[PDB]
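Structural description and commentary
The residues making up each chain are set out below.
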Amino acid sequence: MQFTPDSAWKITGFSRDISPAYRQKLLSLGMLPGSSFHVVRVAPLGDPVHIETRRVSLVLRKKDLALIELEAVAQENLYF
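Determination of this PDB entry was carried out by X-ray crystallography to a resolution of 1.57 Å, according to the record.

1. Focus: the environment of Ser36
Structurally, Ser36 can be placed in strand β2 (residues 36–42). The class for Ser36 is partly exposed, based on a relative accessible area of 22%. Sequence separation between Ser36 and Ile11 is 25 residues, and the spatial gap between their C-alpha atoms is 6.1 Å. Apart from residues no more than four positions distant in its own chain, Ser36 is found in contact with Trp9, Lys10, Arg54 and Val73.

2. Details of the nonpolar core
In summary, soluble globular proteins display a tendency toward joint burial of nonpolar side chains. Within the largest apolar cluster, 16 residues are counted, with the highest numbers of intra-cluster contacts made by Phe3, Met31, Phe37, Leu65, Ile68 and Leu70. In terms of residue count, the dominant contributor to this core is strand β1 (residues 8–14) (three residues). Here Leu65 is in contact with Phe3, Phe37, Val49, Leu60 and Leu70, once residues within four sequence places are set aside.

3. Side note on the packing of aromatic side chains
Applying the stated criterion across every chain, the model contains one aromatic pair. Measuring from ring centre to ring centre gives 5.3 Å for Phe3 and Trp9, while their planes differ by 65°; the resulting arrangement is edge-to-face. Like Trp9, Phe3 is buried.

Calculation rules
Residues numbered from 1 in each chain as written, not as in the entry; some residues may be left out. Heavy atoms only, no water. Helix = DSSP H or I, 4+ residues; strand = E, 2+ residues; numbered from the N terminus. Buried < 20%, exposed > 50% of the residue type's maximum accessible area, 1.4 Å probe, protein only. Contact = heavy atoms within 4.5 Å. Core = buried A, V, L, I, M, F, W, Y, C linked by side-chain atoms within 4.5 Å. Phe/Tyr/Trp six-rings, centres within 6.5 Å; stacked < 30°, edge-to-face > 60°.

As structure tokens, this is what we get:
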């Protein structure tokens, strides 16, 4: 979904398609619903995607990010 560097995303939930096991792994890395991450950098060819949470920095593929319900932090006074 065009993970531009510095774009912020809020985790709202997880897809119906994620297994509880993989969801626990991401949770333990700081990918909590109600929490935001930043895109740090993206691979040439546009996959995988490097990001940073409150807890740590991590990498995963767009196909991995498609198991998480994201929403663009689009709030003006938060975009600044």
